[PDB]
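S.K.: structure-v7.cif is reproduced below (mmCIF, C-alpha atoms and all ligand atoms).
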```
data_target
#
loop_
_atom_site.label_atom_id
_atom_site.label_comp_id
_atom_site.auth_asym_id
_atom_site.auth_seq_id
_atom_site.Cartn_x
_atom_site.Cartn_y
_atom_site.Cartn_z
CA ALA G 1 -7.11 -11.29 -11.29
CA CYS G 2 -7.75 -12.32 -7.73
CA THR G 3 -6.93 -15.83 -6.60
CA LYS G 4 -7.65 -16.03 -2.88
CA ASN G 5 -10.74 -17.08 -0.98
CA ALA G 6 -9.73 -15.39 2.24
CA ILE G 7 -11.09 -16.98 5.42
CA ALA G 8 -12.84 -14.66 7.88
CA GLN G 9 -11.70 -14.67 11.51
CA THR G 10 -13.35 -17.37 13.64
CA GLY G 11 -15.62 -15.55 16.08
CA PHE G 12 -15.26 -12.20 14.25
CA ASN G 13 -16.85 -9.41 16.35
CA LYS G 14 -18.62 -7.21 13.80
CA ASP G 15 -19.88 -4.58 16.25
CA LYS G 16 -16.37 -3.93 17.56
CA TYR G 17 -14.85 -3.70 14.08
CA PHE G 18 -17.73 -1.63 12.63
CA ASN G 19 -17.82 0.78 15.59
CA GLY G 20 -17.59 4.03 13.60
CA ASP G 21 -13.87 4.55 14.23
CA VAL G 22 -10.84 4.84 11.92
CA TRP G 23 -8.37 2.12 10.88
CA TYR G 24 -5.01 2.98 9.32
CA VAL G 25 -3.23 0.75 6.83
CA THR G 26 0.30 0.30 8.21
CA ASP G 27 1.56 -2.46 5.87
CA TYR G 28 0.24 -4.00 2.66
CA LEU G 29 0.89 -6.93 0.32
CA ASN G 30 -0.27 -6.83 -3.36
CA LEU G 31 0.02 -10.35 -4.87
CA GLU G 32 0.33 -9.07 -8.43
CA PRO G 33 3.43 -7.28 -9.64
CA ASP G 34 3.19 -3.44 -9.86
CA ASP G 35 -0.58 -3.33 -9.21
CA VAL G 36 -0.02 -0.46 -6.80
CA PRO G 37 2.87 1.96 -6.10
CA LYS G 38 5.58 1.00 -3.60
CA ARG G 39 4.91 4.19 -1.56
CA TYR G 40 1.29 4.70 -0.52
CA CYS G 41 -1.10 5.93 2.22
CA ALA G 42 -4.57 4.51 2.96
CA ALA G 43 -7.13 4.48 5.78
CA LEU G 44 -10.78 3.73 6.35
CA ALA G 45 -13.66 4.23 8.73
CA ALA G 46 -16.09 1.34 9.29
CA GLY G 47 -19.44 1.56 11.09
CA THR G 48 -23.21 1.23 10.94
CA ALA G 49 -24.98 4.47 9.95
CA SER G 50 -28.78 4.59 10.28
CA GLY G 51 -28.91 0.81 10.20
CA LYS G 52 -26.67 0.44 7.11
CA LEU G 53 -23.25 -1.24 7.20
CA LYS G 54 -20.74 1.29 5.78
CA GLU G 55 -17.11 1.97 5.01
CA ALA G 56 -15.40 5.17 4.00
CA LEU G 57 -11.99 4.89 2.33
CA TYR G 58 -9.12 7.30 1.80
CA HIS G 59 -6.26 6.79 -0.64
CA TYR G 60 -3.25 9.09 -1.04
CA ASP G 61 -0.14 8.64 -3.15
CA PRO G 62 2.51 10.59 -1.18
CA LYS G 63 4.67 11.15 -4.29
CA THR G 64 2.10 12.07 -6.93
CA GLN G 65 -0.41 13.55 -4.44
CA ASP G 66 -3.19 11.66 -6.15
CA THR G 67 -6.04 11.59 -3.56
CA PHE G 68 -9.51 10.09 -3.42
CA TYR G 69 -12.25 9.13 -0.98
CA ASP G 70 -14.94 6.50 -1.39
CA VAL G 71 -18.10 5.52 0.46
CA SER G 72 -19.80 2.10 0.24
CA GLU G 73 -22.67 0.17 1.69
CA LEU G 74 -21.43 -3.32 2.50
CA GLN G 75 -23.53 -6.36 1.75
CA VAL G 76 -23.04 -9.50 3.83
CA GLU G 77 -21.75 -12.75 2.27
CA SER G 78 -21.01 -14.38 5.59
CA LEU G 79 -19.67 -13.25 8.93
CA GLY G 80 -16.60 -11.08 8.26
CA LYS G 81 -16.93 -11.30 4.44
CA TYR G 82 -18.58 -8.48 2.46
CA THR G 83 -19.16 -7.09 -1.01
CA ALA G 84 -19.02 -3.30 -1.32
CA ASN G 85 -20.21 -1.23 -4.33
CA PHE G 86 -18.26 2.02 -4.02
CA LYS G 87 -18.85 5.62 -5.00
CA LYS G 88 -16.01 8.09 -5.33
CA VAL G 89 -16.78 11.19 -3.32
CA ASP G 90 -15.02 14.37 -2.17
CA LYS G 91 -14.16 14.59 1.57
CA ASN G 92 -17.62 16.03 2.25
CA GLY G 93 -19.43 13.14 0.57
CA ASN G 94 -20.39 14.84 -2.68
CA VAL G 95 -20.53 12.25 -5.47
CA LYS G 96 -17.80 12.39 -8.07
CA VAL G 97 -18.38 8.93 -9.63
CA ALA G 98 -21.72 7.22 -8.85
CA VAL G 99 -22.17 3.54 -7.82
CA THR G 100 -22.14 1.33 -10.87
CA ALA G 101 -22.34 -2.30 -11.48
CA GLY G 102 -18.96 -3.79 -11.88
CA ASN G 103 -17.35 -1.27 -9.51
CA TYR G 104 -17.12 -3.23 -6.25
CA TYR G 105 -14.59 -4.66 -3.81
CA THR G 106 -14.81 -7.69 -1.60
CA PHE G 107 -13.60 -7.27 1.92
CA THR G 108 -12.68 -10.08 4.36
CA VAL G 109 -11.60 -9.51 7.96
CA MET G 110 -9.12 -12.36 8.52
CA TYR G 111 -8.11 -11.24 12.00
CA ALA G 112 -9.16 -8.37 14.32
CA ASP G 113 -8.89 -7.25 17.92
CA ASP G 114 -9.53 -3.88 19.49
CA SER G 115 -6.32 -2.34 18.08
CA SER G 116 -5.22 -4.27 14.99
CA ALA G 117 -6.57 -6.24 12.07
CA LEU G 118 -5.60 -8.17 8.92
CA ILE G 119 -7.92 -7.82 5.89
CA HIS G 120 -8.06 -9.06 2.30
CA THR G 121 -9.70 -7.18 -0.56
CA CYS G 122 -10.31 -7.99 -4.22
CA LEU G 123 -11.02 -4.79 -6.20
CA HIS G 124 -13.12 -4.84 -9.39
CA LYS G 125 -13.28 -1.64 -11.37
CA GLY G 126 -14.40 -1.66 -15.00
CA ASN G 127 -11.73 -3.29 -17.11
CA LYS G 128 -8.76 -2.93 -14.75
CA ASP G 129 -7.17 -6.33 -13.99
CA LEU G 130 -6.21 -6.10 -10.32
CA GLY G 131 -5.08 -8.71 -7.93
CA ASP G 132 -5.45 -9.62 -4.26
CA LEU G 133 -4.39 -7.05 -1.67
CA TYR G 134 -3.81 -7.78 2.03
CA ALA G 135 -3.53 -4.97 4.59
CA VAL G 136 -2.44 -4.82 8.23
CA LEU G 137 -4.48 -2.20 10.03
CA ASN G 138 -4.05 -0.44 13.34
CA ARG G 139 -6.08 2.10 15.35
CA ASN G 140 -2.82 4.06 15.83
CA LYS G 141 -1.34 5.28 12.55
CA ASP G 142 2.23 4.89 13.88
CA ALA G 143 1.93 1.42 15.45
CA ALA G 144 4.47 -1.22 14.49
CA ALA G 145 2.77 -4.59 13.81
CA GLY G 146 2.52 -6.61 17.05
CA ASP G 147 2.75 -10.36 17.46
CA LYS G 148 -1.04 -10.94 17.34
CA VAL G 149 -1.40 -9.55 13.82
CA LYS G 150 1.98 -10.90 12.59
CA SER G 151 0.93 -14.37 13.79
CA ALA G 152 -2.29 -13.95 11.79
CA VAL G 153 -0.21 -13.11 8.68
CA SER G 154 1.69 -16.38 9.22
CA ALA G 155 -1.54 -18.31 9.79
CA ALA G 156 -2.75 -17.04 6.41
CA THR G 157 0.40 -18.64 4.92
CA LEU G 158 1.89 -15.24 4.10
CA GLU G 159 5.32 -13.81 4.94
CA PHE G 160 5.14 -10.56 6.86
CA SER G 161 8.65 -9.65 5.60
CA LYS G 162 7.12 -9.19 2.17
CA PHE G 163 4.58 -6.58 3.29
CA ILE G 164 5.44 -2.97 2.43
CA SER G 165 5.19 -0.43 5.28
CA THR G 166 3.36 2.91 4.82
CA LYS G 167 5.05 4.50 7.85
CA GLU G 168 7.97 6.37 6.14
CA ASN G 169 5.68 8.42 3.85
CA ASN G 170 4.75 11.28 6.20
CA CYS G 171 1.03 10.30 5.78
CA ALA G 172 -1.41 12.72 7.48
CA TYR G 173 -5.09 11.81 7.64
CA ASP G 174 -8.35 13.65 7.96
CA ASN G 175 -10.11 11.47 10.53
CA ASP G 176 -12.99 13.83 10.76
CA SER G 177 -13.84 13.42 7.11
CA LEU G 178 -13.56 9.65 7.29
CA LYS G 179 -15.97 9.46 10.24
CA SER G 180 -18.49 11.85 8.73
CA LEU G 181 -18.33 10.01 5.35
CA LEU G 182 -19.92 6.96 7.01
CA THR G 183 -23.23 8.80 6.90
CA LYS G 184 -23.02 9.76 3.21
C1 LIG V 1 -7.97 -0.56 3.21
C2 LIG V 1 -7.84 -1.46 2.24
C3 LIG V 1 -8.17 -0.97 0.81
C4 LIG V 1 -9.37 -1.00 0.17
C5 LIG V 1 -10.74 -1.56 0.68
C6 LIG V 1 -9.17 -0.40 -1.16
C7 LIG V 1 -10.18 -0.19 -2.09
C8 LIG V 1 -10.00 0.50 -3.26
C9 LIG V 1 -11.10 0.98 -4.07
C10 LIG V 1 -12.61 0.76 -3.78
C11 LIG V 1 -10.54 1.60 -5.13
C12 LIG V 1 -11.26 2.30 -6.30
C13 LIG V 1 -11.84 3.66 -5.84
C14 LIG V 1 -12.53 4.46 -6.91
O1 LIG V 1 -12.15 4.41 -8.12
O2 LIG V 1 -13.51 5.16 -6.56
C15 LIG V 1 -9.11 1.57 -4.97
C16 LIG V 1 -8.23 2.07 -5.89
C17 LIG V 1 -6.87 2.04 -5.74
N1 LIG V 1 -6.23 1.52 -4.62
FE1 LIG V 1 -7.03 0.74 -2.98
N2 LIG V 1 -7.81 -0.01 -1.33
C18 LIG V 1 -7.21 -0.36 -0.11
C19 LIG V 1 -5.86 -0.17 0.15
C20 LIG V 1 -4.92 0.24 -0.81
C21 LIG V 1 -3.50 0.28 -0.62
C22 LIG V 1 -2.87 -0.08 0.72
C23 LIG V 1 -2.90 0.64 -1.76
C24 LIG V 1 -1.38 0.79 -2.05
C25 LIG V 1 -0.95 1.35 -3.16
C26 LIG V 1 -3.96 0.89 -2.71
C27 LIG V 1 -3.81 1.34 -3.97
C28 LIG V 1 -4.85 1.71 -4.82
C29 LIG V 1 -4.60 2.29 -6.13
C30 LIG V 1 -3.25 2.67 -6.77
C31 LIG V 1 -5.93 2.52 -6.72
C32 LIG V 1 -6.24 3.13 -8.10
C33 LIG V 1 -6.69 1.96 -8.95
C34 LIG V 1 -6.94 2.34 -10.37
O3 LIG V 1 -7.94 3.06 -10.61
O4 LIG V 1 -6.15 1.89 -11.25
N3 LIG V 1 -5.17 0.62 -2.10
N4 LIG V 1 -8.81 0.88 -3.82
#
```
So, in terms of structure tokens, how does the structure I just supplied come out?
M.R.:
Amino acid sequence: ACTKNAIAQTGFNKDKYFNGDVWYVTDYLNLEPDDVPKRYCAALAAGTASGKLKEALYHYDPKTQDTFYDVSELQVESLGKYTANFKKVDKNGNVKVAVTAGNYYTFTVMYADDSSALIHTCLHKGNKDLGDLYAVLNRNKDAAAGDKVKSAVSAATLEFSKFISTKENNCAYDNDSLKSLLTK
């Protein structure tokens, strides 16, 4: 179960975050033990497509090679805080698992600037019992976390030393699919 009401960034700039471009997860923190593997790759695109607020996600386990994409329309709870009902799709946007009630994630942007961000998500998926996940994002897949975002991790009362890096997994991303998925 999730336990955090994450606080959105004061003065969050939604148009800059949701500009159609790609964010890479460089470091993550799962609050519950063994919720997720200790080696993992993930990225997203975020933008408005034909007036609709969207995200496209990519997950890849670099050991098992398990891979999946998702597309969601985000609904607004408050500035920087969203609820997303997801559909699993192939990289071209063809539906593999349709939107269904009870399959949704919340998504809070705790900190963002033009290059980096800190987000929280609570995933709900059928009768999985998952816990809070925080992720440091960057526009550059290889970027070490700078002081702006590390300070935000501290301000959230978290220890950056506990976050697991994704950088030693040889992650390669299909940015073109992520951007085109925003329309799907
Ligand atoms: C960018 C932030 C992230 C978001 C918004 C997110 C969202 C999601 C969503 C929506 C699903 C279910 C997809 C589906 O079934 O169609 C999922 C599943 C999963 N995610 Fe993430 N994820 C993020 C980052 C990560 C990271 C960094 C990890 C590290 C391991 C991770 C591990 C997983 C795993 C293992 C599953 C499979 C869950 C299961 O079915 O048991 N995710 N995530």
S.K.: Using atom CA of residue G:83 and atom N3 of ligand LIG 1 (chain V) as the two end points, give the distance in Å to one decimal.
M.R.: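 Computed distance, atom CA of residue G:83 to atom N3 of ligand LIG 1 (chain V), equals 16.0 Å.
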S.K.: Can you tell me which residues sit at most 8 Å away from ligand LIG 1 (chain V), counting all atoms listed in the file, written as an MDAnalysis selection string?
M.R.: chainID G and resid 24:25 27:30 35:44 57 59 61 68:70 84:89 97 103:107 119:121 123:125 128 133:135 137
S.K.: Counting all atoms listed in the file, figure out which residue out of G:2, G:172, G:56, G:145 gets nearest to residue G:115.
M.R.: G:145
S.K.: G:148, G:162, G:54, G:81: which is nearest residue G:181, counting all atoms listed in the file?
M.R.: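 Checking each candidate against residue G:181, we get G:54 as the closest.
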S.K.: State, in Å with one decimal place, the distance from atom CA of residue G:71 to atom CA of residue G:113.
M.R.: 23.5 Å
S.K.: Kindly extract all protein, DNA and RNA residues lying within 9 Å of the coordinates (-17.4, -6.6, 6.1) given in the file, considering all atoms listed in the file, and supply them as a count of residues only.
M.R.: 22
S.K.: Any idea what the distance is between atom CA of residue G:3 and atom CA of residue G:110?
M.R.: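 The value is 15.7 Å.
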S.K.: Give the padded box for stretch 161-164 of chain G as AutoDock Vina command-line options: axis-aligned, covering all atoms listed in the file, 8 Å on each side, centre and edge lengths in Å to one decimal.
M.R.:
```
--center_x 6.6 --center_y -6.3 --center_z 3.9 --size_x 20.1 --size_y 22.7 --size_z 19.4
```
S.K.: Between G:122, G:150, G:58, G:116, single out the one closest to residue G:93, counting only C-alpha atoms.
M.R.: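 Distance minimum relative to residue G:93 lands on G:58.
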S.K.: Which residue gives the smallest distance to residue G:34 among G:182, G:130, G:117, G:153, with all atoms listed in the file counted?
M.R.: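 Nearest candidate to residue G:34 out of G:182, G:130, G:117, G:153: G:130.
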S.K.: Near residue G:143, counting all atoms listed in the file, which residues have an atom at most 9 Å away, once you skip same-chain residues fewer than 3 positions from it, shown as an NGL selection string?
M.R.: :G and (26 or 138-140 or 146 or 167)
S.K.: Considering only C-alpha atoms, can you say which of G:32, G:168, G:174, G:66 comes closest to residue G:45?
M.R.: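 Nearest candidate to residue G:45 out of G:32, G:168, G:174, G:66: G:174.
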S.K.: Please determine, counting all atoms listed in the file, which residue among G:49, G:22, G:164, G:99 has the shortest atom-to-atom distance to residue G:183.
M.R.: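 When distances to residue G:183 are compared using all atoms listed in the file, the smallest one comes from G:49.
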S.K.: Reconstruct N, CA and C atoms of stretch 102-117 of chain G from the incomplete input and present them as a short mmCIF file (atom, residue, chain, number, x, y, z; two decimals), in the coordinates of the input.
M.R.:
```cif
data_model
loop_
_atom_site.label_atom_id
_atom_site.label_comp_id
_atom_site.auth_asym_id
_atom_site.auth_seq_id
_atom_site.Cartn_x
_atom_site.Cartn_y
_atom_site.Cartn_z
N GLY G 102 -20.29 -3.47 -11.46
CA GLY G 102 -18.96 -3.79 -11.88
C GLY G 102 -17.90 -3.00 -11.11
N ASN G 103 -18.28 -1.93 -10.39
CA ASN G 103 -17.35 -1.27 -9.51
C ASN G 103 -17.62 -1.74 -8.07
N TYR G 104 -16.87 -2.73 -7.61
CA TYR G 104 -17.12 -3.23 -6.25
C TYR G 104 -15.82 -3.81 -5.73
N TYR G 105 -15.71 -3.91 -4.41
CA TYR G 105 -14.59 -4.66 -3.81
C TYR G 105 -15.16 -5.67 -2.83
N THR G 106 -14.52 -6.82 -2.74
CA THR G 106 -14.81 -7.69 -1.60
C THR G 106 -13.90 -7.32 -0.46
N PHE G 107 -14.33 -7.69 0.72
CA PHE G 107 -13.60 -7.27 1.92
C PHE G 107 -13.76 -8.36 2.97
N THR G 108 -12.65 -9.00 3.35
CA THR G 108 -12.68 -10.08 4.36
C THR G 108 -11.82 -9.72 5.54
N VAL G 109 -12.38 -9.81 6.76
CA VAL G 109 -11.60 -9.51 7.96
C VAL G 109 -11.07 -10.86 8.44
N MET G 110 -9.75 -11.08 8.23
CA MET G 110 -9.12 -12.36 8.52
C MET G 110 -8.77 -12.49 10.00
N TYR G 111 -8.50 -11.33 10.60
CA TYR G 111 -8.11 -11.24 12.00
C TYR G 111 -8.46 -9.83 12.49
N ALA G 112 -8.98 -9.70 13.71
CA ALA G 112 -9.16 -8.37 14.32
C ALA G 112 -9.14 -8.50 15.84
N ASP G 113 -8.63 -7.45 16.48
CA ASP G 113 -8.89 -7.25 17.92
C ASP G 113 -9.19 -5.76 18.09
N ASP G 114 -9.11 -5.26 19.30
CA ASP G 114 -9.53 -3.88 19.49
C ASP G 114 -8.60 -2.87 18.85
N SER G 115 -7.35 -3.27 18.58
CA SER G 115 -6.32 -2.34 18.08
C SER G 115 -5.75 -2.62 16.71
N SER G 116 -5.92 -3.84 16.23
CA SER G 116 -5.22 -4.27 14.99
C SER G 116 -6.11 -5.19 14.17
N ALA G 117 -5.78 -5.31 12.89
CA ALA G 117 -6.57 -6.24 12.07
C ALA G 117 -5.77 -6.62 10.81
#
```
